[PDB]
Structure formats: C-alpha cells, structure tokens
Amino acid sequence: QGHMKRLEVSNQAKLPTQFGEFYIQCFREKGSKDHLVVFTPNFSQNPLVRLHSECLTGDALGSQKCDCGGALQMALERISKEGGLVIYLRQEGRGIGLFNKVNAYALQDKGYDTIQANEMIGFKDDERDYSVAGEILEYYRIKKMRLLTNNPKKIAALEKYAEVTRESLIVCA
C-alpha cells in the first residue's frame, strides 16, 4: 500500500498461530523501525485494539515479571476470541531500549529503590511517541475503537485519530 510521509506499508500476509489465524502487515518508519500489526481477518467498526510496546522479555522469553509478562499473549488471545488488532510498536523500554532496561533490572535485583535506579540509568520521562499508531489506524480506516490499555498517554494520543473507549488490561493485578 505504498508510503505516507516516511511510513512504508508492506503487503499483508497470513500468519497461522497457536492463538488462531491472523494477518500481519509491517509498517516501516524511515527511522528505521519495523512495526507490525497483527489483525483478525474481519474486525468490526468498533474493534478491540491493543497498542503494544515491544518487550522482548515478556513477549518472547516467557518472563513472569509484571512489567510486561503475559501481556502480549493476553492481547492475542483476546483479539482472537473477539476480533481486532495488535499494533506492535518497536519502542523497547519506554523508548530507551533493551540495554538500559536490562541494567534497570540488575539494579532492582541488587535492591536499589525505584528512584535510585532511574537516576543511575538516566531515564527521565517516558520517551514513547504514539503518533505512528495514529497513522496505522487511518490506514485501516478505524474511526472508533476499544483500546486495551491502562495508560492515559496512549488514550490521549489516539483520541485525536479516532473515538476511544478504554478497556483495562489486567494480566498481573
């Protein structure tokens, strides 16, 4: 589907998974990051949408940490039963990346407290931008949606691209 302001869209492809049959489609922001949307063949005019920030440990390694453990899996189970999309953004560790997140873990392991840890690695504010997700929503022509999130910054960002109903994602509560 071509390009829209340094965002390239791949063809869609079938992906059979243990959760069921999805389509996937890559959105390459050129800079340069390959985001992915995973969607059920049919979804409604008010689909369940999960905006997921990459978390390698929870997503791929079966982490049991509450930071992101089980979250991707829960979202894929939910869109599978109910229809919808997962918008998989490549923004590991709130935008500061895996390296720093691993050091944050190791600081936690040694028993530093939250503020000491942040201070030592350097993480000031959450550096994530979600406007790229807005473009993906326009591409699929989603006007209203149920967003699976407990993050008001994600809610706040997407409400200028569509009508958002919040829905909580409690994996670890």
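Each residue number is its position in the shown sequence, starting from 1.
Chain break class for residue 30 to residue 31, judged by how many deposited residues have no coordinates: The entry leaves 1 to 3 residues without coordinates here.
Taking the mean of the C-alpha B-factors per stretch from the entry, tell me the winner out of 156-164 and 18-26. Averaging CA B-factors over each stretch, the winner is 156-164.
On average, which has the higher Cα B-factor in the deposited entry, 100-108 or 113-121? Averaging CA B-factors over each stretch, the winner is 113-121.
Hey, out of 65, 52, 143, 35, whose CA B-factor is highest in the deposited coordinates? The listed residue with the largest C-alpha B-factor is 143.
By the record's CA B-factor, is residue 42 among the lowest, middle or highest third of residues in the chain? CA B-factor rank for residue 42: highest third.
When the modelled residues of the chain are sorted by Cα temperature factor, does residue 129 land in the lowest, middle or highest third? Its C-alpha B-factor, which the entry lists for residue 129, ranks in the highest third among residues of this chain.
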